[PDB]
2 protein chains.
Amino acid sequence: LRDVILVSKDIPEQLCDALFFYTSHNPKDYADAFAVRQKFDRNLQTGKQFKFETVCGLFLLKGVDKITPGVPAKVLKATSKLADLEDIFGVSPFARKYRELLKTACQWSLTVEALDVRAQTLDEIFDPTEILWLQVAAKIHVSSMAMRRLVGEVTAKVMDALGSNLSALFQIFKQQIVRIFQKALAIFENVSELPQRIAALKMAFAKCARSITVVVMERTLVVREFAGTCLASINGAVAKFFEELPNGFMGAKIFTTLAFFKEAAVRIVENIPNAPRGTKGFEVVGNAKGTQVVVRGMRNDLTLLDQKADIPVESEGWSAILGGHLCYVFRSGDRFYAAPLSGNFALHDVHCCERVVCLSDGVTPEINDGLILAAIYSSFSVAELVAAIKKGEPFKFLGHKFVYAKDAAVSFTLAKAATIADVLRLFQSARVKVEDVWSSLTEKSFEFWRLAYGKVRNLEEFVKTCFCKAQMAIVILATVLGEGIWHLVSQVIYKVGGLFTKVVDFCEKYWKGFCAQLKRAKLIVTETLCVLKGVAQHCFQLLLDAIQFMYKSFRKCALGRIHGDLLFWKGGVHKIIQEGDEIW
Amino acid sequence: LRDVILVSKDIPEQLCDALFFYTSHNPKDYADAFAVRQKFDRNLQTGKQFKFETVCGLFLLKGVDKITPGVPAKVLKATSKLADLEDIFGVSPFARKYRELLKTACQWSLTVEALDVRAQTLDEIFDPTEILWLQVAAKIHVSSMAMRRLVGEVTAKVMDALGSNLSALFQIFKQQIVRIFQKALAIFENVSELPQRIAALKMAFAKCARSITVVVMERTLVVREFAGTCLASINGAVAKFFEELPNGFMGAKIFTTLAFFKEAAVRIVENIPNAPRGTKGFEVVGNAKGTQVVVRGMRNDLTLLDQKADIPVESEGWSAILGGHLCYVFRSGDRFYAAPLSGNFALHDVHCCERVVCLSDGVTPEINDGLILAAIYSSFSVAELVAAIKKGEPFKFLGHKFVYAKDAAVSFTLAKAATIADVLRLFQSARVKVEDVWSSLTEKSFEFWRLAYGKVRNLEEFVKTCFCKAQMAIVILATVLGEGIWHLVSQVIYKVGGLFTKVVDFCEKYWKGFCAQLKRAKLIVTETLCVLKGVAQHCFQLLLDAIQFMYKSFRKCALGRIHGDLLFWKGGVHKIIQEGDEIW
């Protein structure tokens, strides 16, 4: 039924507006008004005819660039006027108020004052829906004049989104906003680019049409809705003001009573409860990224370093007073780290921490061997650690700083009553075990030291406690017998009563050159004689005894007894192979 | 052509364990260990072939009910033991430790004490990997034993997840954890249901493998990971402790210093700073649901109401002291709401607010009409609105209470000096406009009052102001003349100097009866007299003149003169339509 009205691609901006202003669409905001109008714009320019719903009823429109004589229907083309269109459709109370505004376009477009006067009084003769339609119009003359109403509207939204905290920043924001909207809307300068700036400004207005949000990114306030648009230079200018601000605690920017971390603004609160008089805390304002955390208690064993660290903030941790500030501190990968705290909210500016331990009685034999144990577990160089212990200066090791002087206001001390286990407790972790591995001889005790010895192939030279010397002595004698001989002695050494006590007591006074001697030991075991041939001083009689009593079995015997392939004779235990020319 | 070992679908648990215990997979936690074992388990009941990586390197296993007699394959029948299992794969340093533990099942499984005693010392003999495999083992006797060390582990995690702040709640928690784990792991009571209790418990300890997380749901502490498992009764027990705590500000649950809202716990901080002495505020702790908000400033014009509302917290708003607490208030759908505030964080326990206005000189004529206008704008029934004013008692309109007395609690009064526009300022919203529509005659004035009159058909009766009275008399005349003949008079009324002031002044002294008489008016126009018959006195001569001046065009005074489609004869103005048995 309904008949298509033809319209020429190439109708002028004012005609297109006039045409469009017949629409009965009601816009909620700039963005949908903008969106609808460019849908309509696109429909005319693409071929097949669509529906227009107008205040005079539905119609149909066909974009027609190929205008040949052809048939005679309802047509439109650049030289048409409001009267032409009235013939097709009828009255539009809008379109008529429109090109009266068009007619008066030589009174109000005359100067900046005239233009603002028209903008501000546009509601006297227009209503909210039409003002948005004008603000989105194709005639630049008209669309750059009403868009002027929007500058203050956006300023108001930005002030609102900022908060009364932040109000001393209102003027810095309003100047930049005015400066950038002036350049964008300039009628009397940069005139060749006016159509570009107005097109760009429509998109910006679309992005800022329903809510404004202010956030902190890289220690500056950012208006999110401006980013990625021609308004972005507003952010840029504000960033320049923030970049010039002084630095402060944990790398924030400081402005009056506020501080700006990477992703959050905080208020600096003075004289906070439950702390030393003088202590400051933080109170996050506005929109702020970070982590809600659980606090397990206060600790004062940590010292805050200047280094920043890119570590995710753990959701569990402790509070601490660091540099006069209530802070969050936590543990991650065997290190201690600190972060700014606001109640239960941790910010992601993370700094390094260390734990300072005073060695009041120097590096004690117990301390020496537990540090070495901590190094072995953690794959830290034992030689490196030992070098640092010899200088007797301060040193850093696995998250701790060791110092000898009484204090630099720091308080965790080791002393002469330090257990090996006391020192291990400092570093106790997934890898660093506190379990006593030294004070008794057992097979897991043997197992630890045998593997350690694999890793640190001269660990005999660096173990200073008697217990650990005793264990390494046993390991060395297990590695000089070889496999097989050991396999057998294994089945007994852990059940020789008071053997370890034997080995400990001799390591206290005859340790020097001891291990060097063991390296030349060859076992030899006969009915009467059980000897470690080549070692004239040593502590394993008890073990040599139990060895030959266990040698009182399997008497198959040509030149002596025989476990399956080790025919122990008065030459020592031997199974051919080896050497180089058939030796005895 | 390689080991494709067979296994019988029924193989009792001890060997099923023993076989699987050849596994080479290192689990990172209980959830992994439980996963891998159950993967394996379901893989045999299939009857499909699959790879089983072990300490003895790669193998492949399948099985299916009653195995037939004779095949060249190694086969583990329903009654096969570890010996025949070492024919096949060989040596597992752990599977033997297992049968070692199984032998001793008579000594360590005798009492509660001996059971606990074997469970704390399983790491003497098994390693962390084997301990978890044991904790996931199929033989109940063993997994049930080994799971006992997990209770204390789960418990420490809960005390961590809780935090020092609620440490006075540790014992409640610990006690329900003990009570619920004892019943789950019980060996000597409820024996028939031990296989199920144990299976259910595995799922539980898989859900708490990893992290524990506390939260607040419905004003009580919840362990997330317990919910949906056999441990859930711990949550239920704790909820029961919470439902019996006193209620307190904005519907919270009070406990010592803290208040538990629906989804957040907070510390109650006393004597906050920017405040009247005695003012309290909140500080959220732990995991807390809510909304970061922007505060535009402090307001003291709101009263807090005692009634909870389920509406989204607006992200922009104000701060306010209600009930001696620092709170958040915000405007939504033309009403005011409050919410608990913690710094910048608003909780979702929204309460209703109102604004209390003292009508210090009663309902004045401007106040009467300003209220009526807001009503129309809001689609609030005028008749209902007008019944309340007549009662002269307090009443609730559009988020506002109106009272008449004077030092009642809060303070935003009206008085005889108040304009219509002062009253609209109170209700000012998207619908409620502060435009001056009454004080003079324009088309926009007329349009409003004509539409208003459409909706309120007797709005002539309720207006109290000379201005609004004058505005409605013109509406009445307009509607009694009709839409043509008014279509003509519309062209000059707005251009008759001084008319509205004459309508206002007349409505000031002769308003009684005037609209009723105006409603029976009939217009008459000839060169001699322009009149409205049946309205003796009236304020419209200066428009009767203007009508007669306009009566000067278009003449074929056939009966009498004509304009598009109408008459004006010596008897009235007419197009001849709706009436009975024709018309004179």
# chains A, B, ... in the order shown; residues from 1 in each chain; ligands from 1

call {"tool": "select_by_dssp", "arguments": {"residues": "region 30-271 of chain A", "states": "alpha helix (DSSP H)", "output": "number ranges by chain"}}
result
A: 30-44, 82-88, 93-103, 112-125, 128-134, 140-146, 149-162, 170-185, 194-207, 232-243

call {"tool": "closest_atom_pairs", "arguments": {"of": "chain A", "to": "chain B", "cutoff": "9 Å", "atoms": "only C-alpha atoms", "output": "JSON lines"}}
result
{"residue": "A:159", "atom": "CA", "partner": "B:296", "partner_atom": "CA", "distance": 8.8}
{"residue": "A:160", "atom": "CA", "partner": "B:296", "partner_atom": "CA", "distance": 6.4}
{"residue": "A:161", "atom": "CA", "partner": "B:294", "partner_atom": "CA", "distance": 6.5}
{"residue": "A:162", "atom": "CA", "partner": "B:294", "partner_atom": "CA", "distance": 7.1}
{"residue": "A:163", "atom": "CA", "partner": "B:296", "partner_atom": "CA", "distance": 4.7}
{"residue": "A:164", "atom": "CA", "partner": "B:296", "partner_atom": "CA", "distance": 4.9}
{"residue": "A:165", "atom": "CA", "partner": "B:295", "partner_atom": "CA", "distance": 7.7}
{"residue": "A:283", "atom": "CA", "partner": "B:343", "partner_atom": "CA", "distance": 6.7}
{"residue": "A:284", "atom": "CA", "partner": "B:344", "partner_atom": "CA", "distance": 6.6}
{"residue": "A:285", "atom": "CA", "partner": "B:344", "partner_atom": "CA", "distance": 5.4}
{"residue": "A:286", "atom": "CA", "partner": "B:294", "partner_atom": "CA", "distance": 5.1}
{"residue": "A:287", "atom": "CA", "partner": "B:292", "partner_atom": "CA", "distance": 6.2}
{"residue": "A:288", "atom": "CA", "partner": "B:292", "partner_atom": "CA", "distance": 8.0}
{"residue": "A:292", "atom": "CA", "partner": "B:287", "partner_atom": "CA", "distance": 6.1}
{"residue": "A:293", "atom": "CA", "partner": "B:286", "partner_atom": "CA", "distance": 5.9}
{"residue": "A:294", "atom": "CA", "partner": "B:286", "partner_atom": "CA", "distance": 5.0}
{"residue": "A:295", "atom": "CA", "partner": "B:163", "partner_atom": "CA", "distance": 5.3}
{"residue": "A:296", "atom": "CA", "partner": "B:163", "partner_atom": "CA", "distance": 4.7}
{"residue": "A:297", "atom": "CA", "partner": "B:164", "partner_atom": "CA", "distance": 5.5}
{"residue": "A:298", "atom": "CA", "partner": "B:164", "partner_atom": "CA", "distance": 8.9}
{"residue": "A:316", "atom": "CA", "partner": "B:161", "partner_atom": "CA", "distance": 7.4}
{"residue": "A:317", "atom": "CA", "partner": "B:160", "partner_atom": "CA", "distance": 8.9}
{"residue": "A:343", "atom": "CA", "partner": "B:283", "partner_atom": "CA", "distance": 6.7}
{"residue": "A:344", "atom": "CA", "partner": "B:285", "partner_atom": "CA", "distance": 5.2}
{"residue": "A:345", "atom": "CA", "partner": "B:285", "partner_atom": "CA", "distance": 8.7}

call {"tool": "closest_residue", "arguments": {"among": "A:479, A:134, A:413, A:473", "to": "residue 513 (chain A)", "atoms": "only C-alpha atoms"}}
result
A:473

call {"tool": "residues_around", "arguments": {"residues": "residue 146 (chain A)", "least_positions_apart": "3", "cutoff": "10 Å", "atoms": "only C-alpha atoms", "output": "list in words"}}
result
residues 115, 116, 118, 119, 120, 121, 122, 131, 132, 133, 134, 135, 136, 137, 141, 142, 143, 149, 150 and 151 of chain A

call {"tool": "write_last_selection", "arguments": {"atoms": "C-alpha atoms", "output": "PDB file, in the first residue's frame"}}
result
ATOM      1  CA  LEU A 115      26.386  32.638  20.016  1.00  0.00           C
ATOM      2  CA  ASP A 116      26.437  32.090  23.804  1.00  0.00           C
ATOM      3  CA  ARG A 118      21.480  31.969  21.627  1.00  0.00           C
ATOM      4  CA  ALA A 119      22.828  28.825  23.313  1.00  0.00           C
ATOM      5  CA  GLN A 120      21.679  29.855  26.778  1.00  0.00           C
ATOM      6  CA  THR A 121      18.191  30.860  25.712  1.00  0.00           C
ATOM      7  CA  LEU A 122      17.626  27.972  23.335  1.00  0.00           C
ATOM      8  CA  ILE A 131      17.644  20.799  21.770  1.00  0.00           C
ATOM      9  CA  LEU A 132      19.325  17.389  21.616  1.00  0.00           C
ATOM     10  CA  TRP A 133      18.235  17.045  18.011  1.00  0.00           C
ATOM     11  CA  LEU A 134      19.877  20.401  17.290  1.00  0.00           C
ATOM     12  CA  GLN A 135      23.002  19.329  19.201  1.00  0.00           C
ATOM     13  CA  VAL A 136      23.315  16.413  16.849  1.00  0.00           C
ATOM     14  CA  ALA A 137      22.303  18.239  13.604  1.00  0.00           C
ATOM     15  CA  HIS A 141      26.288  26.526  11.920  1.00  0.00           C
ATOM     16  CA  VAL A 142      23.452  25.273  14.204  1.00  0.00           C
ATOM     17  CA  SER A 143      25.107  22.209  15.779  1.00  0.00           C
ATOM     18  CA  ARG A 149      25.033  24.421  26.275  1.00  0.00           C
ATOM     19  CA  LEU A 150      26.779  21.117  26.923  1.00  0.00           C
ATOM     20  CA  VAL A 151      30.097  22.549  28.161  1.00  0.00           C
TER      21      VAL A 151
END

call {"tool": "atom_distance", "arguments": {"atom1": "CA of residue 363 (chain B)", "atom2": "CA of residue 461 (chain B)"}}
result
16.1 Å

call {"tool": "residues_around", "arguments": {"residues": "residue 346 (chain B)", "least_positions_apart": "4", "cutoff": "6 Å", "atoms": "only C-alpha atoms", "output": "list in words"}}
result
residues 290, 291, 340 and 341 of chain B

call {"tool": "write_last_selection", "arguments": {"atoms": "N, CA, C and O atoms", "output": "mmCIF file, in the first residue's frame"}}
result
data_model
loop_
_atom_site.group_PDB
_atom_site.id
_atom_site.type_symbol
_atom_site.label_atom_id
_atom_site.label_comp_id
_atom_site.auth_asym_id
_atom_site.auth_seq_id
_atom_site.Cartn_x
_atom_site.Cartn_y
_atom_site.Cartn_z
ATOM 1 N N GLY B 290 29.887 -4.467 48.975
ATOM 2 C CA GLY B 290 29.411 -3.102 49.047
ATOM 3 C C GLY B 290 29.697 -2.352 47.759
ATOM 4 O O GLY B 290 29.940 -2.962 46.714
ATOM 5 N N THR B 291 29.673 -1.022 47.843
ATOM 6 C CA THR B 291 29.786 -0.135 46.682
ATOM 7 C C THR B 291 30.684 1.040 47.019
ATOM 8 O O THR B 291 30.465 1.727 48.024
ATOM 9 N N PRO B 340 24.754 2.260 55.416
ATOM 10 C CA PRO B 340 25.982 2.283 56.225
ATOM 11 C C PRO B 340 27.210 2.588 55.365
ATOM 12 O O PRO B 340 27.415 2.002 54.290
ATOM 13 N N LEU B 341 28.019 3.504 55.876
ATOM 14 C CA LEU B 341 29.188 4.011 55.183
ATOM 15 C C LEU B 341 30.469 3.668 55.936
ATOM 16 O O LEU B 341 30.543 3.823 57.162
#

call {"tool": "residues_around", "arguments": {"residues": "residue 547 (chain A)", "least_positions_apart": "2", "cutoff": "9 Å", "atoms": "only C-alpha atoms", "output": "list in words"}}
result
residues 488, 489, 492, 493, 525, 530, 542, 543, 544, 545, 549, 550, 551 and 552 of chain A

call {"tool": "write_last_selection", "arguments": {"atoms": "N, CA and C atoms", "output": "mmCIF file, in the first residue's frame"}}
result
data_model
loop_
_atom_site.group_PDB
_atom_site.id
_atom_site.type_symbol
_atom_site.label_atom_id
_atom_site.label_comp_id
_atom_site.auth_asym_id
_atom_site.auth_seq_id
_atom_site.Cartn_x
_atom_site.Cartn_y
_atom_site.Cartn_z
ATOM 1 N N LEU A 488 75.762 -53.104 53.277
ATOM 2 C CA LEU A 488 75.860 -54.033 54.397
ATOM 3 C C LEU A 488 76.009 -53.295 55.730
ATOM 4 N N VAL A 489 76.945 -52.349 55.796
ATOM 5 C CA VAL A 489 77.168 -51.603 57.033
ATOM 6 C C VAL A 489 75.913 -50.836 57.436
ATOM 7 N N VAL A 492 73.573 -52.447 59.763
ATOM 8 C CA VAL A 492 73.891 -52.169 61.159
ATOM 9 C C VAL A 492 74.288 -51.001 62.086
ATOM 10 N N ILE A 493 74.663 -49.873 61.474
ATOM 11 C CA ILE A 493 75.397 -48.744 62.085
ATOM 12 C C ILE A 493 74.303 -48.068 62.970
ATOM 13 N N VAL A 525 88.575 -57.055 57.009
ATOM 14 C CA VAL A 525 87.891 -57.813 58.059
ATOM 15 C C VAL A 525 88.099 -59.331 58.175
ATOM 16 N N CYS A 530 89.616 -56.655 62.881
ATOM 17 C CA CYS A 530 88.871 -55.659 62.102
ATOM 18 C C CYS A 530 89.431 -54.245 62.007
ATOM 19 N N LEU A 542 83.508 -49.221 67.724
ATOM 20 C CA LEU A 542 82.165 -49.762 67.945
ATOM 21 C C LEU A 542 81.557 -50.279 66.644
ATOM 22 N N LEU A 543 81.748 -49.527 65.565
ATOM 23 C CA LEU A 543 81.185 -49.910 64.273
ATOM 24 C C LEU A 543 81.979 -51.051 63.621
ATOM 25 N N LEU A 544 83.304 -50.999 63.708
ATOM 26 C CA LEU A 544 84.124 -52.089 63.184
ATOM 27 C C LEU A 544 83.782 -53.419 63.882
ATOM 28 N N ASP A 545 83.444 -53.340 65.169
ATOM 29 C CA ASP A 545 83.040 -54.508 65.946
ATOM 30 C C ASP A 545 81.806 -55.160 65.363
ATOM 31 N N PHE A 549 81.104 -59.018 63.476
ATOM 32 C CA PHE A 549 80.146 -59.934 64.135
ATOM 33 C C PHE A 549 79.068 -60.245 63.094
ATOM 34 N N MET A 550 78.841 -59.304 62.169
ATOM 35 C CA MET A 550 77.896 -59.492 61.036
ATOM 36 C C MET A 550 78.651 -60.184 59.899
ATOM 37 N N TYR A 551 79.986 -60.238 60.002
ATOM 38 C CA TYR A 551 80.889 -60.956 59.068
ATOM 39 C C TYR A 551 80.998 -62.417 59.518
ATOM 40 N N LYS A 552 80.408 -62.739 60.675
ATOM 41 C CA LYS A 552 80.325 -64.107 61.226
ATOM 42 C C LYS A 552 79.062 -64.820 60.702
#

call {"tool": "residues_around", "arguments": {"residues": "region 69-78 of chain A", "least_positions_apart": "4", "cutoff": "12 Å", "atoms": "only C-alpha atoms", "output": "PyMOL selection string"}}
result
chain A and resi 3-16+19+44+59-65+82-89
